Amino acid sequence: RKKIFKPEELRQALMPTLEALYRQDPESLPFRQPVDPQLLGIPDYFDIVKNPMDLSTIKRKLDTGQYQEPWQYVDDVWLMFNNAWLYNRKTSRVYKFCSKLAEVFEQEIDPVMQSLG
């Protein structure tokens, strides 16, 4: 169950799954930068969402070797999705985009997680 990974090998394996999310347009656009509640006029955002996450943060973490094992990366992507599903209404554009991104990610990440072990 224990396994160590070289950060550079994780980067090469996982980065295509991240790039896949960025390539979804329009669906990735709400997720490319951290939610700024003041700028977006959603002042309750940080009361609802205790641990924000977005693609730019995940990309930086992947580039700077902050993921030592693949589930740490997967956890951040899922956190991003979970936050958007929590904060936004089911009828909303962002919620619907999130659901689409989650489908893309599942298809991308499963073969990678199999290959990494």
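Counting begins at 1, following the sequence as shown.
Could you check the entry and say whether 90-98 or 9-17 has the higher mean CA B-factor? Per the PDB record, 9-17.
Comparing average C-alpha B factors as deposited, tell me which of 78-86 and 29-37 sits higher. Of 29-37 and 78-86, the stretch with the higher C-alpha B-factor average is 29-37.
Third of the chain, ranked by Cα B-factor, where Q68 sits: For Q68, whose C-alpha B-factor we compare with every modelled residue in the chain, the answer is the highest third.
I48, C-alpha B-factor rank within chain (lowest, middle or highest third): Its C-alpha B-factor belongs to the middle third of this chain's values.
By the record's CA B-factor, is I58 among the lowest, middle or highest third of residues in the chain? Answer is middle: the recorded C-alpha B-factor places it there.
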